[PDB]
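Some notes on the structure that comes next.
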Amino acid sequence: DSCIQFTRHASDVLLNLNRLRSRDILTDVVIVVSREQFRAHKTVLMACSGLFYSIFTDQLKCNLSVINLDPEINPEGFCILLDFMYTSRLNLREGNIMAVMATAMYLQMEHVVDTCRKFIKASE
Amino acid sequence: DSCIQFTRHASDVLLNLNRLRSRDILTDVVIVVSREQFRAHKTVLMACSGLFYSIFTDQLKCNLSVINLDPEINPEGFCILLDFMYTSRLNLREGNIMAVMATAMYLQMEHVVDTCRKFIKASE
Amino acid sequence: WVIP
Amino acid sequence: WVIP
Ligand SMILES: O=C1Cc2cc(Nc3ncncc3Cl)ccc2N1
Ligand SMILES: O=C1Cc2cc(Nc3ncncc3Cl)ccc2N1
Ligand SMILES: [Cl-]
Ligand SMILES: [Cl-]
């Protein structure tokens, strides 16, 4: 087509979605991790994670307001990834990289899994 | 902080939100324009438009599944703007610029209003 | 705004 | 990935 494009649009949209998350506006699901609860928007979770995409496209699960993750999932690793989903920023540190990579593999967040693999390989 | 950032994350999120819109997945509102209906996600509309932000933060309207726009609003202008919300791409043409600007002013989409004003000024 |  |  002959469209024009606003460079900062996608970033501004994500920033506003994160402001709605902060203020608990229109959040429609609770993600339960080892008895730690995280409120979010199903559409943002689906847009970021192959696991959430599969969960909320399921005809029965699409209607659930609570999702319980596998007990092996670390709440801090999940929190870091949820922040990444809403900001594009990943708080990757020596002390959390293993939990973050394991959580990203479970959530099916391929780009996160990729940078974790590379950061681990650099330290070996 | 000491975060790393994935450059394409915001764009990939918006692309996936538009794929959900295309497939009518988790859309939670119908926008009615001069008897033309558009299905969308409330959170994306709020992230893009000051009008939708005000509508869906209202304690009564946040729960509506149908929103009727002012009868002066042109369905094509709305359609072009809804596409812009989900893609960052604006199909601005000599034949639609007046309807698009009028719709962007009503929806409170300041960056769109700005490029319409500039494109109109260049043709005078 | 840009030409994509 | 970048340093923002
Ligand atoms: O690594 C990843 C990130 C990711 C996101 C999604 N999401 C969607 N895919 C396609 N159409 C719509 C949506 Cl919402 C699916 C798989 C994966 N895998
Ligand atoms: O031009 C525009 C675009 C736009 C978006 C919104 N959205 C939000 N603002 C702040 N926190 C959350 C959200 Cl969702 C408000 C006003 C305007 N005005
Ligand atoms: Cl990812
Ligand atoms: Cl705008």
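Just so we're on the same page: first chain in the structure tokens is A, next is B, and so on; residues restart at 1 for each chain, and ligands are numbered from 1 in the order they show up.
All of the residues in chain B within 8 Å of chain D are residues 3, 4, 5, 6 and 7 of chain B, where only C-alpha atoms were counted.
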Surroundings of ligand 1 up to 9 Å, based on only C-alpha atoms and all ligand atoms, as an NGL selection string: (:A and (43-54 or 104-105 or 107-113)) or (:B and (12-13 or 15-21 or 23 or 25))
Taking N, CA and C atoms for each residue, export the selection above as an mmCIF file, in the first residue's frame.
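Output below, filename again-v2.cif:
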```cif
data_model
loop_
_atom_site.group_PDB
_atom_site.id
_atom_site.type_symbol
_atom_site.label_atom_id
_atom_site.label_comp_id
_atom_site.auth_asym_id
_atom_site.auth_seq_id
_atom_site.Cartn_x
_atom_site.Cartn_y
_atom_site.Cartn_z
ATOM 1 N N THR A 43 -4.636 -10.902 26.467
ATOM 2 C CA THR A 43 -4.118 -10.635 25.116
ATOM 3 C C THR A 43 -2.637 -10.342 25.085
ATOM 4 N N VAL A 44 -2.130 -9.631 26.089
ATOM 5 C CA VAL A 44 -0.691 -9.308 26.138
ATOM 6 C C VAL A 44 0.083 -10.616 26.398
ATOM 7 N N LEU A 45 -0.410 -11.437 27.353
ATOM 8 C CA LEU A 45 0.260 -12.730 27.633
ATOM 9 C C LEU A 45 0.322 -13.595 26.354
ATOM 10 N N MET A 46 -0.780 -13.655 25.599
ATOM 11 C CA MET A 46 -0.827 -14.437 24.356
ATOM 12 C C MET A 46 0.144 -13.877 23.320
ATOM 13 N N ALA A 47 0.232 -12.542 23.215
ATOM 14 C CA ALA A 47 1.099 -11.874 22.233
ATOM 15 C C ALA A 47 2.599 -12.153 22.495
ATOM 16 N N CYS A 48 2.946 -12.501 23.744
ATOM 17 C CA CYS A 48 4.324 -12.698 24.183
ATOM 18 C C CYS A 48 4.761 -14.128 24.381
ATOM 19 N N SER A 49 3.807 -15.038 24.599
ATOM 20 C CA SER A 49 4.137 -16.396 25.029
ATOM 21 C C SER A 49 3.369 -17.456 24.264
ATOM 22 N N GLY A 50 4.094 -18.435 23.714
ATOM 23 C CA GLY A 50 3.458 -19.549 23.014
ATOM 24 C C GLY A 50 2.572 -20.367 23.935
ATOM 25 N N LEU A 51 2.962 -20.469 25.232
ATOM 26 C CA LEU A 51 2.159 -21.220 26.207
ATOM 27 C C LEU A 51 0.818 -20.517 26.445
ATOM 28 N N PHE A 52 0.847 -19.188 26.717
ATOM 29 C CA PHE A 52 -0.405 -18.451 26.950
ATOM 30 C C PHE A 52 -1.248 -18.370 25.704
ATOM 31 N N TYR A 53 -0.597 -18.299 24.526
ATOM 32 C CA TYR A 53 -1.355 -18.314 23.269
ATOM 33 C C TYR A 53 -2.184 -19.624 23.175
ATOM 34 N N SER A 54 -1.547 -20.776 23.451
ATOM 35 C CA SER A 54 -2.185 -22.094 23.428
ATOM 36 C C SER A 54 -3.294 -22.194 24.486
ATOM 37 N N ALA A 104 11.299 -18.980 30.666
ATOM 38 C CA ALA A 104 11.092 -18.617 29.254
ATOM 39 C C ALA A 104 10.895 -19.875 28.388
ATOM 40 N N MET A 105 11.594 -20.994 28.703
ATOM 41 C CA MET A 105 11.389 -22.238 27.943
ATOM 42 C C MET A 105 9.954 -22.764 28.149
ATOM 43 N N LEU A 107 7.300 -20.970 29.151
ATOM 44 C CA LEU A 107 6.346 -20.006 28.593
ATOM 45 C C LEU A 107 6.426 -19.927 27.071
ATOM 46 N N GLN A 108 7.487 -20.509 26.475
ATOM 47 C CA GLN A 108 7.706 -20.503 25.021
ATOM 48 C C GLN A 108 7.901 -19.063 24.539
ATOM 49 N N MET A 109 8.956 -18.441 25.056
ATOM 50 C CA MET A 109 9.354 -17.065 24.710
ATOM 51 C C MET A 109 10.750 -17.205 24.085
ATOM 52 N N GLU A 110 10.773 -17.588 22.796
ATOM 53 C CA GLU A 110 11.991 -17.974 22.066
ATOM 54 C C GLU A 110 13.108 -16.943 22.070
ATOM 55 N N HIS A 111 12.794 -15.644 21.938
ATOM 56 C CA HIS A 111 13.878 -14.653 21.922
ATOM 57 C C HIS A 111 14.574 -14.550 23.280
ATOM 58 N N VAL A 112 13.800 -14.654 24.384
ATOM 59 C CA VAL A 112 14.372 -14.657 25.736
ATOM 60 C C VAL A 112 15.263 -15.891 25.936
ATOM 61 N N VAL A 113 14.766 -17.077 25.521
ATOM 62 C CA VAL A 113 15.546 -18.319 25.632
ATOM 63 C C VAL A 113 16.900 -18.153 24.904
ATOM 64 N N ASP B 12 6.434 -6.765 17.567
ATOM 65 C CA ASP B 12 5.993 -8.174 17.532
ATOM 66 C C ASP B 12 4.718 -8.320 18.358
ATOM 67 N N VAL B 13 4.647 -7.625 19.519
ATOM 68 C CA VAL B 13 3.426 -7.660 20.339
ATOM 69 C C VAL B 13 2.247 -7.092 19.535
ATOM 70 N N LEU B 15 1.886 -6.785 16.284
ATOM 71 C CA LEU B 15 1.605 -7.697 15.160
ATOM 72 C C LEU B 15 0.734 -8.868 15.641
ATOM 73 N N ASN B 16 1.078 -9.455 16.806
ATOM 74 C CA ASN B 16 0.289 -10.548 17.377
ATOM 75 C C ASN B 16 -1.111 -10.094 17.817
ATOM 76 N N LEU B 17 -1.224 -8.879 18.396
ATOM 77 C CA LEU B 17 -2.535 -8.313 18.764
ATOM 78 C C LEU B 17 -3.375 -8.159 17.493
ATOM 79 N N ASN B 18 -2.756 -7.682 16.386
ATOM 80 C CA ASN B 18 -3.513 -7.561 15.128
ATOM 81 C C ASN B 18 -3.942 -8.951 14.579
ATOM 82 N N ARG B 19 -3.094 -9.997 14.745
ATOM 83 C CA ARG B 19 -3.458 -11.364 14.324
ATOM 84 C C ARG B 19 -4.658 -11.856 15.138
ATOM 85 N N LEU B 20 -4.704 -11.541 16.454
ATOM 86 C CA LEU B 20 -5.855 -11.916 17.273
ATOM 87 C C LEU B 20 -7.102 -11.174 16.781
ATOM 88 N N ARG B 21 -6.957 -9.869 16.462
ATOM 89 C CA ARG B 21 -8.096 -9.106 15.916
ATOM 90 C C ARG B 21 -8.639 -9.765 14.607
ATOM 91 N N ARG B 23 -8.485 -12.803 13.560
ATOM 92 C CA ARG B 23 -9.111 -14.100 13.848
ATOM 93 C C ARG B 23 -10.262 -14.000 14.852
ATOM 94 N N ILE B 25 -10.159 -13.258 17.991
ATOM 95 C CA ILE B 25 -9.806 -13.946 19.232
ATOM 96 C C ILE B 25 -9.733 -12.967 20.384
#
```
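Of the listed residues A:88, A:29, A:67, A:119, the one whose atoms come nearest to chain B is A:88, with distances taken using only C-alpha atoms.
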Counting only C-alpha atoms, the residue of B:68, B:27, B:37, B:103 that sits nearest chain A: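 Checking each candidate against chain A, we get B:27 as the closest.
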Interatomic distance, atom CA of residue 65 of chain B to atom CA of residue 33 of chain B (Å, one decimal):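 Separation between atom CA of residue 65 of chain B and atom CA of residue 33 of chain B: 14.3 Å.
Counting only C-alpha atoms and all ligand atoms and comparing A:32, A:10, A:120, A:40, the residue that lies closest to ligand 4 is A:10.
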Residue contacts of residue 30 of chain A (6 Å, only C-alpha atoms) excluding same-chain residues fewer than 3 positions away, as a PyMOL selection string: chain A and resi 38-39+66
Closest of A:9, A:89, A:61, A:41 to ligand 3 - atom-to-atom distances counting only C-alpha atoms and all ligand atoms: A:89
